[PDB]
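Listed next as structure tokens is one chain, alone, in the form deposited in one PDB entry.
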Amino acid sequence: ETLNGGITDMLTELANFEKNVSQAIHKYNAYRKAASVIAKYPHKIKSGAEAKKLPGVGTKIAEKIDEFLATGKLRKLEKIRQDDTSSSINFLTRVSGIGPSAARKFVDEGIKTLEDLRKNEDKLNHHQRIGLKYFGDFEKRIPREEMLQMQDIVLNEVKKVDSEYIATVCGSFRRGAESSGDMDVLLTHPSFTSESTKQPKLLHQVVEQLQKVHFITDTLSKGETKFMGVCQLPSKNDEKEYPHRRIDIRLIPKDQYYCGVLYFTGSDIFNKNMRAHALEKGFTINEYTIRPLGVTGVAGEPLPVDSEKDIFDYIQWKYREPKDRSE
């Protein structure tokens, strides 16, 4: 957790690099399992040779570990770190819509900067266009102060559209959190469930609503069950206009809501742990449902769920209030 800290971080930086800058999935993959095991390795590593003994750790990684221990640094690491090429890639990827692939490509075109990015909006697609158009706000955190107004607004319109709807703003916001990155709204209607062959409009209605009253500014993407947009609190009585924010709206079939809700509320730690327990308790949890375990190694049979509570009950747990879903 800190006893092998440096080692693990160098290794991540290392891994990271193969994957984006170059394209060595392998190596990249190589670095992570290694950094994965050494992290667990409950003993302060004094040498490579020692590390080496680990699984995933081969000749190469050890070597690095040696120099890293020996001298407070790593050359290949210092070099990369400097190297404009790699730097440029890491950077471009910052724009919503820019992945490594494209990052790589732009660079080899000579698009190392945001300015360049501008001068070539032609080479960008819409996602990426919008991305650049809000690069700054994109990086900005969401003061919960803001999260509450936003939430407020969403709920009202949903409501007006159809009172049958069921929305939930999940995430960290849901778990107390002082800020959040983007808003995730969980969505399901009663007329939509596991069987009933879709209802696209079910989603499309509100997407339009919200958009109708200027909360929705732009559309990153829009499916029949998932919508990726850009919203924004109305700039009051002028002077303090609000930063553009990432929002994702999702249609879930009524019968698998709370699992989804449970799920989305996280935290990963509550998850895995909420997950580790359901197993002992004779089950299985997932992003959508919860099925009883059967001794033949496994089983199915998606249990009926009416609320976050139900699941707890199921795995006979203690209802943990969202605020305390922190682990």
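Each residue number is its position in the shown sequence, starting from 1.
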Other PDB entries, at least a third, lacking residue 197 = yes
ask   = Would 79 to 87 or 213 to 221 have the larger average of its C-alpha temperature factors, as given in the entry?
value = 79 to 87
request  = Using only the Cα atoms and their B-factors as the entry lists them, report which of 178 to 186 and 231 to 239 averages higher.
outcome  = 231 to 239
request  = Please work out which residue in 149, 205, 199, 256 has the highest C-alpha B-factor recorded for this crystal structure.
outcome  = 199
inquiry  = Checking the record values for 286, 59, 273, 29, which has the greatest CA B factor?
reply    = 273
message = Ranking every modelled residue in this chain by its Cα temperature factor as given in the entry, which third contains residue 299?
response = highest
request  = Sorting the chain's modelled residues by C-alpha B-factor, tell me whether residue 248 ends up in the lowest, middle or highest third.
outcome  = lowest
query = Which third, lowest, middle or highest, does the CA B-factor of residue 51 fall in along this chain?
reply = lowest
remark   = For residue 72, the third of its chain by CA B-factor is the highest
remark   = In terms of its chain's C-alpha B-factors, the third that includes residue 161 is the highest
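Heads up, the form deposited in another entry isn't pictured, but that's what we're talking about next.
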Co-assignment to one rigid part between this form and the one not shown, residue 252 and residue 158 = yes
